[PDB]
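Please read the structure below before turning to the comments.
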Amino acid sequence: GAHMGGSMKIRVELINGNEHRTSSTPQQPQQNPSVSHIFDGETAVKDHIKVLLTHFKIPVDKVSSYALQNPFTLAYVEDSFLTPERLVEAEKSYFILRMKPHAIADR
């Protein structure tokens with residue numbers, strides 16, 4: 001059934017053309033790799049991200065540089081935890097999971 005209400009099964013597009021693995025294609029995706037993932041406000045974002053990464057076959061070590069982004073506003077979730085509001089605004093369409101355009105600091 002539809003997993004909607006509190007926790008949401010939201011389609012996430014993944015961009016990972018930073019690593020050179022695509023559908024053996026160039027950087028023009030018809031669709032991006034997508035998953036309908038269970039998001040909730042009980043699980044930290046990064047943990048949702050470690051899952052997504054893993055489902056997209058990306059090492060969770062990249063969780064650092066990955067963020068959920070809104071498809072319209074292009075706003076990133078830099079939150080540690082998701083809110084119902086984030087989910088709700090996301091169910092409207094999808095979430096995007098991208099490597100954050102930002103310089104990598106030697107943390």
Between residue 2 and residue 83, the FRET efficiency computed from the C-beta separation at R0 = 25 Å comes out, to the nearest 0.05, as 0.75
Phi-derived 3J(HN,Hα) across the stretch 2-13 with the Karplus relation (6.51, -1.76, 1.60, θ = phi - 60°), rounded Hz, x for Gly and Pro, is 7, 9, 10, x, x, 7, 10, 9, 9, 6, 10, 8
One finds, for residue 22 and residue 103 with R0 = 22 angstrom and r their Cβ-Cβ distance, a FRET efficiency to the nearest 0.05 of 0.35
About its Cα centre, the chain carries a charge dipole, from +1 on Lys and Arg Cβ atoms and -1 on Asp and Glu Cβ atoms, whose size in debye to the nearest 20 is 320
At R0 = 22 Å the Cβ-Cβ FRET efficiency linking residue 74 and residue 38, nearest 0.05, sits at 0.40
Between the residues 33, 60, 1, the Cα farthest towards the positive end of the dipole of the chain, that dipole coming from +1 and -1 charges on the beta-carbon of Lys, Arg, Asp and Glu, is from 33
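Bear in mind these aren't lab numbers, they're just calculated from the coordinates by the rules spelled out. As a convention, Cβ positions derive from the backbone with ideal geometry for all residues, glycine included, and neighbour counts pool all protein chains shown.
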